[PDB]
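Reading the structure
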Amino acid sequence: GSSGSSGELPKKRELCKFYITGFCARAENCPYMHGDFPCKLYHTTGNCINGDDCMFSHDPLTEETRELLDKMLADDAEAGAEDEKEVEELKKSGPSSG
Ligand SMILES: [Zn+2]
Ligand SMILES: [Zn+2]
């Protein structure tokens, strides 16, 4: 990357709230980012659980994209919701059969 600049046009460079799952009514009509968008996990720590077959792009962050994360994260991180959690049972005792 050398230019960095990006003409000012009506295009959302954010992670579509649908792409996350894959059910986005508008495919090529989605003003948001789908693939190009850089992977989060791959960055959060460096390695992605998915692997080489990730649904997200693993390209090297750029002066541009970089700005995205700053927002995406800030939004999510800041706005966090509580969710139940527990430790599933490995193996509960069972009766006998004869
Ligand atoms: Zn979309
Ligand atoms: Zn990934």
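Definitions and limits used
Residues numbered from 1 in each chain as written, not as in the entry; some residues may be left out. Chains lettered and ligands numbered in written order. Heavy atoms only, no water. Donors = N, O, S within 2.8 Å, 3.2 Å for Na, K, Ca; no water. Helix = DSSP H or I, 4+ residues; strand = E, 2+ residues; numbered from the N terminus. Buried < 20%, exposed > 50% of the residue type's maximum accessible area, 1.4 Å probe, protein only. Tetrahedral: all angles 85-135°; square planar, octahedral: opposite > 155°, others 65-115°.

Structure determination for this entry is recorded as solution NMR.

Another aspect to go through is the coordination of the zinc ion (ligand 2). Coordination sphere of the zinc ion (ligand 2), protein contribution only: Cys39 (SG), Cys48 (SG), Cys54 (SG) and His58 (NE2), at 2.3 Å. Sequence spacing of the donors to the zinc ion (ligand 2): C-x8-C-x5-C-x3-H. In this pair, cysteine 39 is assigned in the segment before α1 (41-44) and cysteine 54 in the loop between α1 and α2 (63-78), connecting sequence segments 15 residues apart. A single burial state applies to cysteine 39 and to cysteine 54, both of which are buried.

In this section: the coordination of the zinc ion (ligand 1). For the zinc ion (ligand 1), the full set of protein donor atoms is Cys16 (SG), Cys24 (SG), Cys30 (SG) and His34 (NE2), at a range of 2.3 to 2.4 Å. Seen from the zinc ion (ligand 1), its 4 donor atoms lie at angles of 86 to 118°, and the figure they make is tetrahedral. Along the chain, the residues that donate to the zinc ion (ligand 1) are spaced as C-x7-C-x5-C-x3-H. Taken together, the residues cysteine 16 in the segment before α1 and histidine 34 in the segment before α1 connect sequence positions 18 residues apart. Summarising the burial analysis for this pair, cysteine 16 and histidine 34 share the class buried.

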